[PDB]
Amino acid sequence: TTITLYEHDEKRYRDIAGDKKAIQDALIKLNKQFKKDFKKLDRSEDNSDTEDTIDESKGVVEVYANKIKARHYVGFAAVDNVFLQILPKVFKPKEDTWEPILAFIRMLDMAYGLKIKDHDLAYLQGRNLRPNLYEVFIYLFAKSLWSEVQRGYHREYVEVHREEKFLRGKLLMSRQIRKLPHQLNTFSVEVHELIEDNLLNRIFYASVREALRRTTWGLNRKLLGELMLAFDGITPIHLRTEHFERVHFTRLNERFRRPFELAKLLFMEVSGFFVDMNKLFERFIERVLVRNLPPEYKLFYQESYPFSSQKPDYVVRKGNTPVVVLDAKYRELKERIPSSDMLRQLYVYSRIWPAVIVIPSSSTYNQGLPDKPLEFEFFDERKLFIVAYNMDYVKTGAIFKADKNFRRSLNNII
Amino acid sequence: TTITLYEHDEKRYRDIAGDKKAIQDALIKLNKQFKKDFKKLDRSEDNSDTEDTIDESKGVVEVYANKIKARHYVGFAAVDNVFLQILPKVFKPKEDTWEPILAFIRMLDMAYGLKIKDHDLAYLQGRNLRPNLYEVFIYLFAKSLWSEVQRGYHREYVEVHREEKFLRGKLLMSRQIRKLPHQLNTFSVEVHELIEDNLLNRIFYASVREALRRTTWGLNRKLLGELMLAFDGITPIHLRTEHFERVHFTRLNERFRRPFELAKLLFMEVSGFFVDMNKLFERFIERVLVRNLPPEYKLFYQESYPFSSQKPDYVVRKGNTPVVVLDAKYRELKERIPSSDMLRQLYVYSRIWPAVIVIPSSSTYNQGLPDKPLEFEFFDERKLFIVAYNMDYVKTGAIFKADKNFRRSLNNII
Amino acid sequence: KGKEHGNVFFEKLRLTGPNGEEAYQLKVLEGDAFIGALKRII
Amino acid sequence: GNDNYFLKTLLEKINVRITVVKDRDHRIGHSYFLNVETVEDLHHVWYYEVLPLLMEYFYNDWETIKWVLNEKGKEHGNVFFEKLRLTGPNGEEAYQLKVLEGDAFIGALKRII
């Protein structure tokens, strides 16, 4: 069964496909698996409460008696033929669930640091496939591999001190001089032969073999079927985490960086990955600000310690003199005013940095939308200047029209 | 089945008594009943999130697939023969569960404004009864009623214009002059007779009848059995919320204030009540501060609006000049330092009020305990003075030894 | 695709795995059952 | 237990649970049980010649081998892989095999059928 969630959204167990007992068995393994692998991913003002909440089967999904509720952890996971995918709530609409997939991967393209191509994703737009995050990241792995295997096969050179019936390469002399004449019929050479089954090819044969076994599309089954035939002579391996560390990216296999990072993102039971929606917006806004703020340079994660260090998500300073704090919040900001938890942190970030502070918030049809300019000016009775900026999201499309509107509102703010 | 929780504590469904399906049916009615009756009780920095969390069957109890987890809502409820009681986590021990009951009711005595007696609770100490919050608040209702019915029965005066075969009271003259001589054989009087079945006695007959039906002790069954015999002539009523409003407390039934408020606390399906553990500590510390702060008068809930008003739990000012903010937090305060959410609010409360700020926290064997004096002095790089005060709890006993230690630490703070 | 346990070249085993997986098995046929299994490939 | 069809249905209830969690080419053969003469010989065959193959085919995976023996959820008893009490740094199951003997071993082999 395929189940899909948006951030802070619920599904009924009666309407859902499959079995009632089957889905709740899949989740308790996933929330437990998120507990052991929680510390690998960074957060930003998450209020995670690592001791109590995550180990109570509330790590990724809150499984309840009457419904199934998603926390603010975005991504996907495939467990026990119950494929779960959690999209952001910002891309929620009012092919009907194919626009938020390419919106989320493009927000996973710019924020998280991936180097995927837009024409890789635009190939899938309109082919009426079943929307699934695991079916597209296997495709993004398989297409970027088959576009990097079609040119060259990555045959890397190792040297072997082999006793050959012929003579290839440099003849070892200290091993041939001390050769008895009863065994003179084989040369003892040290040939730098190119092997096809290197460590990077043992991984990509194993990463395809664990992908074709767990794929469900009709496009990925054809593409991984051609990749497995190209890797036919390679002896297979069992994938571990030691194999993904033992290879290093030099200049002769640098073009295999794009399929390998996606092969490390999906393989290392469980499959997939999860990230916090607060930090992914904190990373995504950081791409927008430094591009859109020419007058003043901006650094993310600068920290100033009170008295326990409370650090802003981003601060922009021209040289050192202007202190314009920019704290990225994923909150909906209901009733056109910041909440108690938000404005209390905005007060501290301005005071310990005469410092204006701007809060960027999400804006679409689903999320709360303010007017086009800088919506809310606030003073906290200390000559402060709190500006509520809102970035519109044309990221569901491929054109960046809202970046010009975000620059025009920031130019009036700067 | 009797199930008991502490605040933020979990129980396993396999170890629990009764049936697995029976308890989860009882909770989904209780969390739904808490949704419709949520707005009657006040909060203080609760982060309730009224729209999403409470209606998702997470109002009082978080019912999960593998366990049952309590939120920070203290009290009790009896639903479908699954009696739930949630005690505070501060009274958790390392007759074994009879000390935290009398600790919680005494904290419900001083904070919430009840006027129960200590010798009402000390009668039950050591009688090896089964610990239950509904069995003691029915007892506190039944003993305070039977101690106020044994003296006087509350026979209140109503006047009736009745045609009596005898002559009692004032004879109505305009109704007797116009009486035809074929019906002269009955006087027409207006007698101020005392009736035993007044509205306050119809309630107490109905409040006992709905208590003896739902009691489980052997002491309350004897006490309510004597109360129901004393109210034998009273015609019963169906209890509503209009009946508890239609009576008013004058001087002639003022001694029935103590059983009636407890009869309104338990009766109005569901039974019992719940209150937020944050506000109940915010109310309980307010009794301690005004008693322990002679030099400066202290007012609770004073508000100052930034820019959305962030108000302290308590502020003490001598006249108007010293601003010593006292914000009560129920947090455990791990690692001897305040958290991000706590210290961010402490910074705002001091700045909008040169103002020192003191945070009181709970301290027992279960909760985190600091040293005896004022444990943590902090400055937030603006010449601030954040003092972490801790009140020890001898409230499990009947003697207030820690109030002298709280006064000595406050005298060094003042 | 929508046939199992009959005159099929790959019949499903009647015991699924722990995570809901299914494993098929090659099935030998003979006589007119095999010809009837070839006459529905066309 | 006076069952003439016992060792036939022992490998059949193993192999049809082997071929659905692994390949068909990873099954347990029948040359190991062709020399059993007493229960002690079957105790040696099941512990030194068959269960080493199941630990070899299922490495770092203790749940699927617990379903091949259809003893899932049952630990700390007459189980061929008892659960170790310890959890680990992040939390692993990490079972350990248990050498049974006597009628208790047959009481653990009867419920594989």
# chains A, B, ... in the order shown; residues from 1 in each chain; ligands from 1
>>> residues_around(residues="region 33-36 of chain C", least_positions_apart="5", cutoff="9 Å", atoms="only C-alpha atoms", output="PDB file with N, CA and C atoms, in the first residue's frame")
ATOM      1  N   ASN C   7      -3.028 -23.540 -14.850  1.00  0.00           N
ATOM      2  CA  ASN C   7      -2.112 -23.965 -15.909  1.00  0.00           C
ATOM      3  C   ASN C   7      -1.118 -22.861 -16.250  1.00  0.00           C
ATOM      4  N   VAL C   8      -0.418 -22.366 -15.238  1.00  0.00           N
ATOM      5  CA  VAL C   8       0.481 -21.233 -15.380  1.00  0.00           C
ATOM      6  C   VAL C   8       1.918 -21.725 -15.242  1.00  0.00           C
ATOM      7  N   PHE C   9       2.822 -21.072 -15.974  1.00  0.00           N
ATOM      8  CA  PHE C   9       4.233 -21.425 -15.911  1.00  0.00           C
ATOM      9  C   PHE C   9       4.891 -20.938 -14.630  1.00  0.00           C
ATOM     10  N   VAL C  28       6.188 -27.238 -13.962  1.00  0.00           N
ATOM     11  CA  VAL C  28       6.298 -28.093 -15.138  1.00  0.00           C
ATOM     12  C   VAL C  28       4.911 -28.601 -15.511  1.00  0.00           C
TER      13      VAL C  28
END
>>> interface_residues(of="chain A", to="chain D", cutoff="9 Å", atoms="only C-alpha atoms", output="list in words")
residues 32, 35, 36 and 37 of chain A
>>> closest_atom_pairs(of="chain D", to="chain C", cutoff="8 Å", atoms="only C-alpha atoms", output="Markdown table")
| residue | atom | partner | partner_atom | distance |
| --- | --- | --- | --- | --- |
| D:16 | CA | C:15 | CA | 7.4 |
| D:17 | CA | C:17 | CA | 7.4 |
| D:19 | CA | C:23 | CA | 7.0 |
| D:20 | CA | C:23 | CA | 5.0 |
| D:21 | CA | C:17 | CA | 5.8 |
| D:64 | CA | C:18 | CA | 7.4 |
| D:67 | CA | C:18 | CA | 7.1 |
>>> interface_residues(of="chain B", to="chain A", cutoff="7 Å", atoms="only C-alpha atoms", output="mmCIF file with N, CA, C and O atoms, in the first residue's frame")
data_model
loop_
_atom_site.group_PDB
_atom_site.id
_atom_site.type_symbol
_atom_site.label_atom_id
_atom_site.label_comp_id
_atom_site.auth_asym_id
_atom_site.auth_seq_id
_atom_site.Cartn_x
_atom_site.Cartn_y
_atom_site.Cartn_z
ATOM 1 N N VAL B 63 -3.001 8.350 23.407
ATOM 2 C CA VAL B 63 -3.187 6.915 23.228
ATOM 3 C C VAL B 63 -2.421 6.479 21.983
ATOM 4 O O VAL B 63 -2.602 7.030 20.890
ATOM 5 N N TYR B 64 -1.506 5.538 22.166
ATOM 6 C CA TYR B 64 -0.596 5.100 21.121
ATOM 7 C C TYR B 64 -0.845 3.628 20.813
ATOM 8 O O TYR B 64 -1.724 2.984 21.391
ATOM 9 N N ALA B 65 -0.056 3.099 19.878
ATOM 10 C CA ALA B 65 -0.234 1.711 19.465
ATOM 11 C C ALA B 65 0.319 0.746 20.505
ATOM 12 O O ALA B 65 -0.275 -0.309 20.761
ATOM 13 N N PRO B 306 4.020 43.855 24.655
ATOM 14 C CA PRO B 306 5.054 44.208 23.676
ATOM 15 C C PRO B 306 4.457 44.417 22.294
ATOM 16 O O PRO B 306 3.442 43.810 21.938
ATOM 17 N N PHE B 307 5.109 45.294 21.525
ATOM 18 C CA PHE B 307 4.737 45.677 20.153
ATOM 19 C C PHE B 307 3.294 46.170 20.031
ATOM 20 O O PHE B 307 2.532 45.688 19.195
ATOM 21 N N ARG B 344 14.439 32.583 26.938
ATOM 22 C CA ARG B 344 13.984 33.586 25.977
ATOM 23 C C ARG B 344 12.804 34.380 26.523
ATOM 24 O O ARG B 344 12.690 35.582 26.268
ATOM 25 N N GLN B 345 11.921 33.727 27.281
ATOM 26 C CA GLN B 345 10.806 34.444 27.891
ATOM 27 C C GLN B 345 11.250 35.219 29.122
ATOM 28 O O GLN B 345 10.622 36.217 29.493
ATOM 29 N N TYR B 347 14.029 36.839 29.330
ATOM 30 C CA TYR B 347 14.690 38.033 28.816
ATOM 31 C C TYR B 347 13.681 39.131 28.494
ATOM 32 O O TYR B 347 13.942 40.312 28.727
ATOM 33 N N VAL B 348 12.529 38.739 27.958
ATOM 34 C CA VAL B 348 11.486 39.700 27.604
ATOM 35 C C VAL B 348 10.803 40.238 28.856
ATOM 36 O O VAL B 348 10.485 41.431 28.938
ATOM 37 N N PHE B 378 22.640 34.300 36.766
ATOM 38 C CA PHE B 378 22.898 34.442 35.342
ATOM 39 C C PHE B 378 22.767 35.905 34.948
ATOM 40 O O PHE B 378 21.938 36.641 35.488
ATOM 41 N N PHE B 379 23.603 36.318 34.001
ATOM 42 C CA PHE B 379 23.525 37.634 33.385
ATOM 43 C C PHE B 379 23.426 37.451 31.879
ATOM 44 O O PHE B 379 24.184 36.671 31.294
ATOM 45 N N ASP B 380 22.491 38.164 31.256
ATOM 46 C CA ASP B 380 22.208 38.022 29.829
ATOM 47 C C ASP B 380 22.862 39.123 29.003
ATOM 48 O O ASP B 380 22.265 39.616 28.041
ATOM 49 N N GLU B 381 24.073 39.537 29.401
ATOM 50 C CA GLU B 381 24.902 40.551 28.738
ATOM 51 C C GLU B 381 24.222 41.918 28.659
ATOM 52 O O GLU B 381 24.535 42.719 27.774
#
>>> interface_residues(of="chain A", to="chain C", cutoff="10 Å", atoms="only C-alpha atoms", output="list in words")
residues 22, 25, 26, 79, 80, 81, 82 and 269 of chain A
>>> residues_around(residues="residue 277 (chain A)", least_positions_apart="6", cutoff="6 Å", atoms="only C-alpha atoms", output="ChimeraX atom specification")
/A:72-74
>>> write_last_selection(atoms="C-alpha atoms", output="PDB file, in the first residue's frame")
ATOM      1  CA  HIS A  72       7.232  18.161  10.948  1.00  0.00           C
ATOM      2  CA  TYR A  73       9.781  15.757   9.438  1.00  0.00           C
ATOM      3  CA  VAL A  74       9.798  15.831   5.648  1.00  0.00           C
TER       4      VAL A  74
END
>>> residues_around(residues="residue 137 (chain B)", least_positions_apart="5", cutoff="10 Å", atoms="only C-alpha atoms", output="list in words")
residues 105, 132, 142, 143, 262, 263, 265, 266 and 272 of chain B
>>> residues_around(residues="region 290-297 of chain B", least_positions_apart="6", cutoff="9 Å", atoms="only C-alpha atoms", output="PDB file with N, CA and C atoms, in the first residue's frame")
ATOM      1  N   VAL B 315       4.591  39.214  39.459  1.00  0.00           N
ATOM      2  CA  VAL B 315       5.561  40.291  39.620  1.00  0.00           C
ATOM      3  C   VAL B 315       5.393  40.866  41.023  1.00  0.00           C
ATOM      4  N   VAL B 316       6.510  41.126  41.699  1.00  0.00           N
ATOM      5  CA  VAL B 316       6.496  41.754  43.017  1.00  0.00           C
ATOM      6  C   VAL B 316       7.117  43.142  42.901  1.00  0.00           C
ATOM      7  N   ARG B 317       6.417  44.138  43.444  1.00  0.00           N
ATOM      8  CA  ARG B 317       6.882  45.514  43.451  1.00  0.00           C
ATOM      9  C   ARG B 317       6.510  46.154  44.778  1.00  0.00           C
ATOM     10  N   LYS B 318       7.483  46.800  45.411  1.00  0.00           N
ATOM     11  CA  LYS B 318       7.259  47.556  46.637  1.00  0.00           C
ATOM     12  C   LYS B 318       6.837  48.966  46.247  1.00  0.00           C
ATOM     13  N   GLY B 319       5.547  49.253  46.377  1.00  0.00           N
ATOM     14  CA  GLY B 319       5.025  50.452  45.749  1.00  0.00           C
ATOM     15  C   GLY B 319       5.000  50.253  44.247  1.00  0.00           C
ATOM     16  N   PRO B 322      10.691  48.802  42.580  1.00  0.00           N
ATOM     17  CA  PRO B 322      11.470  47.609  42.203  1.00  0.00           C
ATOM     18  C   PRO B 322      10.675  46.689  41.284  1.00  0.00           C
ATOM     19  N   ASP B 403       8.943  26.170  53.647  1.00  0.00           N
ATOM     20  CA  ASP B 403       8.546  27.571  53.555  1.00  0.00           C
ATOM     21  C   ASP B 403       9.537  28.474  54.284  1.00  0.00           C
ATOM     22  N   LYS B 404      10.130  27.969  55.368  1.00  0.00           N
ATOM     23  CA  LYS B 404      11.180  28.717  56.052  1.00  0.00           C
ATOM     24  C   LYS B 404      12.463  28.740  55.230  1.00  0.00           C
ATOM     25  N   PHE B 406      12.464  28.531  51.916  1.00  0.00           N
ATOM     26  CA  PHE B 406      12.158  29.380  50.769  1.00  0.00           C
ATOM     27  C   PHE B 406      12.190  30.854  51.152  1.00  0.00           C
ATOM     28  N   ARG B 407      11.842  31.169  52.403  1.00  0.00           N
ATOM     29  CA  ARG B 407      11.906  32.548  52.871  1.00  0.00           C
ATOM     30  C   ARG B 407      13.349  33.001  53.062  1.00  0.00           C
ATOM     31  N   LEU B 410      14.822  33.662  49.673  1.00  0.00           N
ATOM     32  CA  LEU B 410      14.245  34.872  49.101  1.00  0.00           C
ATOM     33  C   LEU B 410      14.734  36.126  49.813  1.00  0.00           C
ATOM     34  N   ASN B 411      15.037  36.026  51.111  1.00  0.00           N
ATOM     35  CA  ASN B 411      15.569  37.170  51.845  1.00  0.00           C
ATOM     36  C   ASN B 411      16.979  37.525  51.386  1.00  0.00           C
ATOM     37  N   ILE B 414      16.107  39.190  47.947  1.00  0.00           N
ATOM     38  CA  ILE B 414      15.515  40.515  48.065  1.00  0.00           C
ATOM     39  C   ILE B 414      16.548  41.511  48.584  1.00  0.00           C
TER      40      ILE B 414
END
>>> atom_distance(atom1="CA of residue 400 (chain B)", atom2="CA of residue 278 (chain B)")
21.7 Å
>>> select_by_dssp(residues="chain C", states="strand (DSSP E or B)", output="MDAnalysis selection string")
chainID C and resid 10:12 24:26
>>> residues_around(residues="residue 93 (chain B)", least_positions_apart="4", cutoff="9 Å", atoms="only C-alpha atoms", output="ChimeraX atom specification")
/B:97,99-100,365-366
>>> closest_residue(among="D:108, D:94, D:7, D:86", to="residue 60 (chain D)", atoms="only C-alpha atoms")
D:94
>>> decode(residues="region 240-257 of chain B", atoms="N, CA and C atoms", output="PDB file, in the first residue's frame")
ATOM      1  N   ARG B 240     -28.583  19.034  36.135  1.00  0.00           N
ATOM      2  CA  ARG B 240     -28.217  19.772  34.932  1.00  0.00           C
ATOM      3  C   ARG B 240     -27.174  20.807  35.341  1.00  0.00           C
ATOM      4  N   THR B 241     -26.909  21.772  34.462  1.00  0.00           N
ATOM      5  CA  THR B 241     -26.075  22.910  34.816  1.00  0.00           C
ATOM      6  C   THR B 241     -26.927  24.111  35.210  1.00  0.00           C
ATOM      7  N   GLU B 242     -28.211  24.088  34.846  1.00  0.00           N
ATOM      8  CA  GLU B 242     -29.145  25.128  35.259  1.00  0.00           C
ATOM      9  C   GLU B 242     -29.481  25.026  36.745  1.00  0.00           C
ATOM     10  N   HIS B 243     -29.485  23.808  37.300  1.00  0.00           N
ATOM     11  CA  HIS B 243     -29.781  23.632  38.719  1.00  0.00           C
ATOM     12  C   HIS B 243     -28.658  24.162  39.601  1.00  0.00           C
ATOM     13  N   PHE B 244     -27.405  23.976  39.184  1.00  0.00           N
ATOM     14  CA  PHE B 244     -26.274  24.457  39.966  1.00  0.00           C
ATOM     15  C   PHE B 244     -26.091  25.965  39.869  1.00  0.00           C
ATOM     16  N   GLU B 245     -26.786  26.625  38.944  1.00  0.00           N
ATOM     17  CA  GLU B 245     -26.758  28.074  38.812  1.00  0.00           C
ATOM     18  C   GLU B 245     -27.941  28.758  39.484  1.00  0.00           C
ATOM     19  N   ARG B 246     -29.083  28.071  39.583  1.00  0.00           N
ATOM     20  CA  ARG B 246     -30.307  28.695  40.075  1.00  0.00           C
ATOM     21  C   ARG B 246     -30.279  28.944  41.578  1.00  0.00           C
ATOM     22  N   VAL B 247     -29.421  28.252  42.320  1.00  0.00           N
ATOM     23  CA  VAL B 247     -29.300  28.488  43.755  1.00  0.00           C
ATOM     24  C   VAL B 247     -28.275  29.585  44.002  1.00  0.00           C
ATOM     25  N   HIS B 248     -28.540  30.389  45.027  1.00  0.00           N
ATOM     26  CA  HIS B 248     -27.645  31.453  45.441  1.00  0.00           C
ATOM     27  C   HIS B 248     -27.317  31.275  46.913  1.00  0.00           C
ATOM     28  N   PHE B 249     -26.108  31.670  47.288  1.00  0.00           N
ATOM     29  CA  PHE B 249     -25.598  31.437  48.636  1.00  0.00           C
ATOM     30  C   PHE B 249     -25.819  32.686  49.478  1.00  0.00           C
ATOM     31  N   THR B 250     -26.892  32.671  50.253  1.00  0.00           N
ATOM     32  CA  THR B 250     -27.199  33.722  51.207  1.00  0.00           C
ATOM     33  C   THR B 250     -26.575  33.351  52.552  1.00  0.00           C
ATOM     34  N   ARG B 251     -26.962  34.038  53.621  1.00  0.00           N
ATOM     35  CA  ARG B 251     -26.425  33.752  54.942  1.00  0.00           C
ATOM     36  C   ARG B 251     -27.079  32.550  55.613  1.00  0.00           C
ATOM     37  N   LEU B 252     -28.261  32.127  55.162  1.00  0.00           N
ATOM     38  CA  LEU B 252     -28.983  31.051  55.826  1.00  0.00           C
ATOM     39  C   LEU B 252     -28.630  29.671  55.286  1.00  0.00           C
ATOM     40  N   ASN B 253     -27.919  29.596  54.161  1.00  0.00           N
ATOM     41  CA  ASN B 253     -27.366  28.338  53.682  1.00  0.00           C
ATOM     42  C   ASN B 253     -25.907  28.505  53.284  1.00  0.00           C
ATOM     43  N   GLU B 254     -25.179  29.372  53.992  1.00  0.00           N
ATOM     44  CA  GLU B 254     -23.775  29.601  53.677  1.00  0.00           C
ATOM     45  C   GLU B 254     -22.904  28.440  54.138  1.00  0.00           C
ATOM     46  N   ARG B 255     -23.331  27.713  55.172  1.00  0.00           N
ATOM     47  CA  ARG B 255     -22.561  26.570  55.647  1.00  0.00           C
ATOM     48  C   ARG B 255     -22.618  25.381  54.697  1.00  0.00           C
ATOM     49  N   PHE B 256     -23.536  25.385  53.735  1.00  0.00           N
ATOM     50  CA  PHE B 256     -23.568  24.395  52.670  1.00  0.00           C
ATOM     51  C   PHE B 256     -22.776  24.826  51.441  1.00  0.00           C
ATOM     52  N   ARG B 257     -21.822  25.746  51.591  1.00  0.00           N
ATOM     53  CA  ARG B 257     -20.995  26.132  50.453  1.00  0.00           C
ATOM     54  C   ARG B 257     -19.944  25.072  50.156  1.00  0.00           C
TER      55      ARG B 257
END
